[PDB]
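Here's a solo chain for you in structure tokens, the form solved without kanamycin A (KAN).
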């Protein structure tokens, strides 16, 4: 983990862009990969907190340049790029700030009915065009391998929990991933370009027009299972729920909704294990103890 002061941020940008005058700067947000800075009210600069974060940002930049003006909703435009350095492919990047506010489930719900329906449609058409983008000229490392992800989470959790879980409890972790790995449904799909973090936080909304005005944060985007872009919208507390996602699925013309529902059912339990990782890292007691209670509740077979 690498941190930044405002001065370090400003100095880095000025070094590469002497004639870009920085009048205002504030911290706009912070996720697992980057800190976001709003500069001069109209740009979002992301700085990576780790090499993985820097790779993801390098990826975002490349993907955004590649699909610029290609989609039915506006996405950020790359205006500034940093430099490579050591384990960091991309020292920072600057994007045009799209105006709008997140389409939260709350916000979605208080919306007129005609407008709730239009949002479902616009989202469906966005994902449809996104998932139709030709995948032929992407490097193979942009193709996600869920088996690889599974095997990594399994290994992380075991090391993470080595001083907490007795042998029999640890076996439940291995068995949970084994079971997942044995099911073709999760691995036999047609790969395509996906957002990969397609949720309310990353959908921007225009409260004058009552329409969605952007999609943002392409730092996780990759070649993967397109069903993942619907599943990231389904969770009931934090996201949209099935009545809204169903409308999206129908406008998108999905041919196997039952399979999508099955994958969400797997992901529910999956998220709980994943959250142990971030949970122990960020020191969130909710994510950690819940996941740990889940493991203990498991009976093999």
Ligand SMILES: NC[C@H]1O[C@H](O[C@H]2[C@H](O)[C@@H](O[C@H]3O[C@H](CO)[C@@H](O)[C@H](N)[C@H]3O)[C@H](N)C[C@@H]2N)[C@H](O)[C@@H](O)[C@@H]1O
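Take the two forms, superpose them, and find the largest set of C-alpha atoms that agree within 1.5 Å; that set is the rigid core. Residue numbers count along the first chain shown, from 1.
Form deposited with kanamycin A (KAN) bound: not shown, discussed below.
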Does the trio 152, 177 and 227 actually contact kanamycin A (KAN) in the deposited complex, every residue with a heavy atom within 4.5 Å?
no
Exactly one of 40, 250, 259, 32 comes within 4.5 Å of kanamycin A (KAN) in the deposited complex through a heavy atom, and that residue is 32
Can you pick out, from 197, 164, 206, 129, the residue that has a heavy atom within 4.5 Å of kanamycin A (KAN) in the deposited complex?
197
Under a 4.5 Å heavy atom criterion, is residue 278 part of the interface with kanamycin A (KAN) in the deposited complex?
yes
Contact of residue 220 with kanamycin A (KAN) in the deposited complex (heavy atom, 4.5 Å)
yes
Just to confirm, residue 287 within 4.5 Å of kanamycin A (KAN) in the deposited complex by heavy atoms?
yes
Can you pick the stretch from 82-90, 197-205, 135-143, 120-128 whose heavy atoms fall within 4.5 Å of kanamycin A (KAN) in the deposited complex?
197-205
Please name the single residue among 124, 165, 215, 130 whose Cα shifts by at least 2 Å between this form and the one not shown after core superposition.
165
Taking 2 Å as the cut-off, check whether the CA of residue 17 shifts that much or more between this form and the one not shown after a rigid core fit.
no
Return yes or no for residue 183: a CA shift of at least 2 Å between this form and the one not shown, with the rigid core superposed?
yes
Rigid core fitted, then: does residue 174 show a CA shift of 2 angstroms or greater between this form and the one not shown?
yes
Relative to what is shown, are the Cα atoms of residue 284 and residue 48 closer or farther apart in the deposited complex, where the gap shifts by 3 Å or more?
closer
Which way does the C-alpha gap of residue 288 and residue 57 go in the deposited complex, closer or farther, given it changes by 3 angstroms or more?
closer
